[PDB]
Amino acid sequence: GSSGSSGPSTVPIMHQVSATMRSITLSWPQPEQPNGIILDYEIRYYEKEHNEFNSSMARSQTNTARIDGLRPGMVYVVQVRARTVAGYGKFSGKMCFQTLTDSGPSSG
């Protein structure tokens, strides 16, 4: 983001709670400088190999949402943003969340 209109704050980091083989659960803290009322929280996920262009977007009515429609044992770059009546906010710290692996992880 650059030379853009002043938008709402953004989450510093993202915290995960759980995840499935065909989905993933995540969570993020609520900002203090939302520059207004946070309508909803939008999220963007895409294949670590793929780019933004070909990505999926999904918002929620809370600071907690889960992504459905993923492959088992695959990393997915998920991000959360803050949207308000004023405009869209920047994305939170980039994170990589992978799904469950049904292969048999020796160590981890």
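Residues numbered from 1 in each chain as written, not as in the entry; some residues may be left out. Heavy atoms only, no water.

Method of determination, as given in the entry header: solution NMR.

J.: Can you walk me through the layout of surface pockets in this structure?
T.: The probe, sized like a water molecule, is rolled over the atoms to show the empty space still left. Looking at the largest pocket, its volume works out to about 160 Å³. Forming the boundary of the largest pocket are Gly1, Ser2, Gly4, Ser5, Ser6, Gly7, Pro8, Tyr88, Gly89 and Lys90. (1 Å grid on protein atoms, 1.4 Å probe; cavity = no way out; pocket = protein on both sides within 12 Å on 5 of 7 lines; lining within 4 Å. Points joined across faces, edges and corners; volume = space filled by probe spheres on them.)

J.: Even after reading the chapter, I still don't get the packing of aromatic side chains, so can you show me in this structure?
T.: Aromatic ring pairs: the centre-centre distance and the angle between the two ring planes describe each pair. Across all of its chains, the model carries 1 aromatic pair by this definition. Arranged with centres 5.8 Å apart and planes meeting at 65°, the rings of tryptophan 28 and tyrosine 41 form a pair that is edge-to-face. Note that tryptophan 28 is positioned in the loop between β2 (23-27) and β3 (38-47) and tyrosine 41 in strand β3, a separation of 13 residues in sequence. For the pair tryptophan 28 and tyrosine 41, one class covers both residues: buried. Sitting over the ring of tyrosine 88, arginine 83 keeps its end group 5.6 Å from the ring centre. (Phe/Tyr/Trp six-rings, centres within 6.5 Å; stacked < 30°, edge-to-face > 60°. Helix = DSSP H or I, 4+ residues; strand = E, 2+ residues; numbered from the N terminus. Buried < 20%, exposed > 50% of the residue type's maximum accessible area, 1.4 Å probe, protein only. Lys NZ or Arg CZ within 6 Å of the ring centre and 35° of its normal.)

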